[PDB]
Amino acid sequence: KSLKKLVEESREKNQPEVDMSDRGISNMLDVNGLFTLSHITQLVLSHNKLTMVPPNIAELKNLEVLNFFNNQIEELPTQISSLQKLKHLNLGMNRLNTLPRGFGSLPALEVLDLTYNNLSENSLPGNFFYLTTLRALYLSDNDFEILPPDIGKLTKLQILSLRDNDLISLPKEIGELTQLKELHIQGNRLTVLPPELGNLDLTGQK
């Protein structure tokens, strides 16, 4: 179906999920009527040609799942953090080396996927670790050399993926994450860890 028809059908049947994966979309503002769909809770825009996300994203106020995986996004609007209901945000496989002012203000975010971008510790906004509702944080395939000790504020974290970064050490504060069940650290430049992290398997360092 055409994008026009998918928006119309969403509005008419009040369908909360919109799937526009792999539709050759280069600009969200050119998806006819997309931002009038205030009711929707899931928007999938994976595998398109997006380079930016407009501030109009804030108008989709009920979004719970927002998927931009494998686009060419270089910048996000500060409005991205206005989404009060957003629980899953997939920004994997884009062109991000920065995140906008106040990104950490998302109050309900549970899963954040930033895999395969151009991020380092200097890319994180000042308030990044206010995202204390996070259960899963994926940072694999990026350029982190240090992970800030503020990672310890994400006390609900169950999954922390740091595969194939450039980490030379890990913060002791990871030991404070009482709920942590997965820690992916293969492919870094780790040598010796703080004793608080105990005996982590340092196999597969580069």
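The first residue of the shown sequence is 1; numbering continues from there.
In this entry, the higher average B-factor at the C-alpha atoms falls on 120-128, of the pair 93-101 and 120-128.
For the two regions 41-49 and 151-159, the entry's Cα B-factors average higher over 151-159. Highest C-alpha temperature factor among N67, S169, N70, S26 per the entry: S169. When the modelled residues of the chain are ordered by C-alpha B-factor, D164 sits in the middle third. Compared with the other modelled residues of the chain, the Cα B-factor recorded for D141 ranks in the lowest third.
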